[PDB]
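Geometric and topological summary
Single-letter residue listing:
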Amino acid sequence: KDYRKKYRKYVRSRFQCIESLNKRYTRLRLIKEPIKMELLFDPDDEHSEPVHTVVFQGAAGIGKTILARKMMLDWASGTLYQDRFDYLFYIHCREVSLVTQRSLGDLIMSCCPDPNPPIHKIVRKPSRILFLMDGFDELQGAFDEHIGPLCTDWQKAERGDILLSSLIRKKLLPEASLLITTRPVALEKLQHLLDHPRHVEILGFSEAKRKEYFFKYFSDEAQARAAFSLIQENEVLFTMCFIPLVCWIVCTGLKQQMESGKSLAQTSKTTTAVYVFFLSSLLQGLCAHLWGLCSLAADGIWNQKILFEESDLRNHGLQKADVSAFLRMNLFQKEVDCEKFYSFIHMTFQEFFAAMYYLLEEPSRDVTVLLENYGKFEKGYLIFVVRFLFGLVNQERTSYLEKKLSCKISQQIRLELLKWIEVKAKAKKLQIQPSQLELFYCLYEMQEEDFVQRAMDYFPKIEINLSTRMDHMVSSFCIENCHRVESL
Ligand SMILES: Nc1ncnc2c1ncn2[C@@H]1O[C@H](COP(=O)(O)OP(=O)(O)O)[C@@H](O)[C@H]1O
Ligand SMILES: Cc1cc2ccc(-c3nnc(N[C@@H]4CCCN(C)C4)cc3C)nc2[nH]1
């Protein structure tokens, strides 16, 4: 009752996101599988009982964390679920340990600012509690559908996985509501726990909300109009910029380019080119400390570590003053509340530095054992580590950041990636690790006509499910680059 006011006051301040949240927040697209946020838990024309679990699936960098943090802010402001919920607990999945034996009560007290919250007054009305589980795919370690026995005691301390699994399966607080956000890769795992979920898909910015971001970002109109014109003139960038992280990256790259007397131009055609163009803006240190940055990201992927403490990055080379050269330029950030923990600006940037590690001119650098771990939740699926390898390996493509890669080892990786394509194409009897469309996403990043032409001849037929204009772009490139032993 009176504590709800104290918790709401805390949620109002901690979710300010001054990395205002509102000052940059742009309307994200949400579709049921046109949904009004307030009626997410309201049952449909058929159901009489309300929805208890709602699943937000969306792209990497689409803004799942920003939507969760916006919901938290709007709720504590009064706007959202004023009469539907009394408590909204934000569970940052990357911070939750899958092995750490903890109770559901312990978890709720992590979301509380005070040391002694009234945990019994809080779980008094479970139906009035909504668990905002952010980043299910970001749960470090293996999340198995076989873990057990399940939990039905909120006070009982069970293994992190058993605890989260029991909450998802609605075994723990059955009438408490749940909002799980995740990339669609991990939806295979999540589907096996969900008790009648209502699926929703985050589809980034609309064609109008794309322009809107460019105008909330650029305080000047003459800057905003010119930066959006660069996106309109570029077919690939325009398509890519529905993803808000892509908008942030492009605007920040063009902002650094604007700082100099350099006429606006981004001739980027691949996701790898977008990340290499962005990183090259920050290269004025990130040249001598490139070995550390890549080894830290690779070690943090092989053993599932998003948050690296002071001791992780100290042993990796980057000292106390090097981390300041990465924080101010926007490459490293302080997370895990007011504690000395440093994680990458995004999981896609960690997967980028993990991919770059294998290509630096000198964990292990065996792409063979890296590719064997592809498609596993316990390793982060490695979707982007492989994609960035395909793009960086690109021989007929070089910038400043690409010139610091061994041309001898990037050729060996090129031949290894082509064998991996041949293996996946022929033995299609897999319960999906690299889908046929995902293999088209890998060949798109590659871009080289000598490689894509050879890699395309392995596929017997084209069987893919096109969903976004990106799917029909990436796969059309591969179809155009595929031609038989005598087609004509
Ligand atoms: N609606 C939005 N408005 C403004 N920026 C956004 C929005 N959604 C995402 N972002 C940008 O994307 C970045 C990462 O997105 P995030 O919400 O963490 O997505 P995900 O969890 O799907 O990777 C944010 O730090 C921010 O720069
Ligand atoms: C910041 C940022 C850059 C970026 C570039 C591409 C994508 C992306 N990648 N793959 C998609 N769908 C395929 C479908 C087949 C299976 N594979 C694994 C997934 C869809 C999207 C939007 N997300 C991105 N985020």
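Residues numbered from 1 in each chain as written, not as in the entry; some residues may be left out. Chains lettered and ligands numbered in written order. Heavy atoms only, no water. Residues with missing side-chain atoms left out of burial classes, pairs and counts.

Topic: unusual backbone geometry
- At the junction of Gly 148 and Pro 149, the peptide bond is cis and its omega measures out at 0° in the coordinates.
- Phi is positive for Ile 432, which is not a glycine, with a value near 65°.
- Not every positive phi belongs to a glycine, and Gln 447 is a case in point at roughly 70°.
- By secondary structure assignment, the location of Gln 447 is in the loop between α19 (436–446) and α20 (449–456).
- When its relative accessible area of 27% is taken as the criterion, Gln 447 is described as partly exposed. (Helix = DSSP H or I, 4+ residues; strand = E, 2+ residues; numbered from the N terminus. Buried < 20%, exposed > 50% of the residue type's maximum accessible area, 1.4 Å probe, protein only.)

A few points about the site of ligand 2
- Lining the immediate surroundings of ligand 2 are 15 residues, of which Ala 60, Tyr 275, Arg 387, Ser 435 and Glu 438 lie closest.
- In the model, a nitrogen atom of ligand 2 is placed 2.6 Å from a nitrogen or oxygen of the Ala 60 main chain.
- When the free accessible area of ligand 2 is taken as 560 Å², the share hidden by the protein chains comes to 83%.
- At the level of secondary structure, the elements contributing two or more residues to the shell around ligand 2 comprise α10 (244–258), α11 (271–281), α17 (383–393) and α19.
- Counting residues per element, the shell around ligand 2 draws most heavily on α17, which supplies three residues.
- By residue class, the composition of the shell around ligand 2 is eleven nonpolar, two polar and two charged. (Near = heavy atom within 4 Å. Polar contact = N/O pair within 3.5 Å; in protein donor to acceptor, adjacent residues only side chain to side chain. Areas by Shrake-Rupley, 256 points an atom, 1.4 Å probe, with all protein chains shown as cover. Nonpolar A, V, L, I, M, F, W, Y, C, P; charged D, E, K, R; others polar.)

Notes on the site of ligand 1
- Around ligand 1, 17 residues are found, and the nearest of them are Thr 26, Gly 63, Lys 64, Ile 66 and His 346.
- Between ligand 1 and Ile 62, the relevant distance is 3.5 Å, taken from an oxygen atom to a main-chain nitrogen or oxygen of the residue.
- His 346 is positioned such that a nitrogen or oxygen atom in its side chain is 2.4 Å from an oxygen atom of ligand 1.
- When isolated, ligand 1 has an accessible area of 560 Å², and the protein chains bury 88% of it.

Points about the sheet that holds strand β10 (residues 332–335)
- Read across the sheet, three strands follow the order β9-β11-β10 without closing on themselves; strand pairing throughout is antiparallel. Since the sheet does not close on itself, it has two edges, and those belong to β9 (308–309) and β10, each with one partner.
- By the bridge criterion, two bridges tie β9 to strand β11 (residues 341–344) in an arrangement that is antiparallel. When the sheet's bridge partners are listed, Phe 308 is paired in β11 with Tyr 342. (Pairing = 2+ DSSP bridges.)

A look at the pattern of salt bridges
- A complete count under the given rule lists 22 salt bridges for this structure.
- Measuring nitrogen to oxygen at the nearest pair gives 4.0 Å for the salt bridge that ties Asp 44 to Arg 198. In this pair, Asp 44 is assigned in the loop between β1 (30–32) and β2 (53–58) and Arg 198 in strand β8 (residues 198–202), connecting sequence segments 154 residues apart.
- Using a relative accessible area of 21% as the deciding quantity, one classes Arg 198 as partly exposed.
- Here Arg 183 and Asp 137 are joined by a salt bridge, their closest N and O atoms 2.9 Å apart. Here the residue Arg 183 occupies a position in the loop between β7 (177–182) and α6 (187–191), and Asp 137 occupies one in the loop between β5 (129–134) and β6 (157–158), the gap between them amounting to 46 residues. Each member of the pair, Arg 183 as well as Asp 137, is classed as buried.
- Residues participating in the shared-partner salt-bridge network are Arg 4, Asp 86 and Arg 128. (Salt bridge = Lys/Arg side-chain N within 4 Å of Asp/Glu carboxyl O.)

Looking at the UniProt feature "binding site: ATP" in the protein chain
- Within this structure's numbering, the places UniProt gives as "binding site: ATP" are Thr 26, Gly 58, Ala 59, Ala 60, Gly 61, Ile 62, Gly 63, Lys 64, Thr 65, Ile 66 and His 346.
- Turning to its location among the elements, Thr 26 is positioned in the loop between α1 (2–14) and β1.
- Relative accessible area serves as the criterion here: at 2%, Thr 26 is assigned to the buried category.
- Looking at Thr 26, its side chain comes within polar contact range of the main-chain oxygen of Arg 24, at 3.1 Å.
- Mapping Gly 61 onto the fold places it in the loop between β2 and α2 (64–77). (UniProt positions renumbered as here; feature names shortened; annotations may be inferred.)

Observations regarding helix α5 (residues 160–168)
- Burial of α5 is extensive: nine of the nine residues sit out of reach of the surface.
- For α5, the complete set of buried residues consists of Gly 160, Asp 161, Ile 162, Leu 163, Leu 164, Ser 165, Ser 166, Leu 167 and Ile 168.
- Downstream of α5 by one or two residues, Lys 170 has phi in the positive range, about 60°.

Some thoughts on the packing of α19 against α20
- Running from N to C, α19 and α20 cross one another at 160°; their axes reach a closest spacing of 9 Å. Taken together, the axes of α19 and α20 lie roughly antiparallel to each other. The way α19 lies across α20 gives a crossing that is left-handed. Here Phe 440, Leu 443 and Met 446 of α19 lie close against α20, whose contacting residues are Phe 451, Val 452, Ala 455 and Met 456.
- The class makeup of the residues in the contact of α19 with α20 is seven nonpolar, no polar and no charged. (Axes fitted to C-alpha atoms, helices over the stretch in contact; angles between N-to-C directions. Parallel < 35°, antiparallel > 145°, perpendicular 65-115°, else oblique. Left-handed = near helix turned anticlockwise from the far one by under 90°. Contact = heavy atoms within 4.5 Å.)

Focus on the packing of aromatic side chains
- Inspection of the entire model under this criterion finds 38 aromatic pairs.
- Through a chain of ring-to-ring contacts, three or more aromatic side chains come together here, namely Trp 248, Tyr 275, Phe 278, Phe 308, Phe 332, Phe 344, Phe 349, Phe 352, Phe 353, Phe 384 and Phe 388.
- Here the basic side chain of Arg 14 rests over the ring of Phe 15, its NZ or CZ set 4.2 Å away from the ring centre.
- Between the NZ or CZ atom of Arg 387 and the centre of the ring of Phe 384, over which it lies, the distance is 5.3 Å. (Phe/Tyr/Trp six-rings, centres within 6.5 Å; stacked < 30°, edge-to-face > 60°. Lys NZ or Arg CZ within 6 Å of the ring centre and 35° of its normal.)

Side note on the environment of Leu 40
- Looking at where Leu 40 falls in the secondary structure, it is placed in the loop between β1 and β2.
- Accessibility expressed as a relative area gives 2% for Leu 40, which makes it buried.
- With twelve residues separating them along the chain, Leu 40 and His 52 place their C-alpha atoms 9.6 Å apart.
- What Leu 40 contacts, discounting residues up to four positions off in sequence, is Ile 35, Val 51, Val 54, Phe 56, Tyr 81, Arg 198 and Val 200.

Here we look at the sheet that holds β5
- Taken together, the six strands give an open sheet; going across it, the order is β1-β8-β2-β7-β5-β3, and neighbouring strands pair in mixed fashion. Of all the strands in the sheet, just β1 and β3 (87–92) have a single pairing partner and so form its edges. The average undirected angle you get between the axes of adjacent strands in this sheet is 20°.
- In this sheet, β7 lies alongside β5 in parallel orientation, the contact comprising four bridges. What sits directly across from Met 133, in β7, is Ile 180.
- In the packing of α5 onto the sheet, the strands contacted are β2, β3, β5 and β7, and the crossing angle to β5 comes to about 125°.

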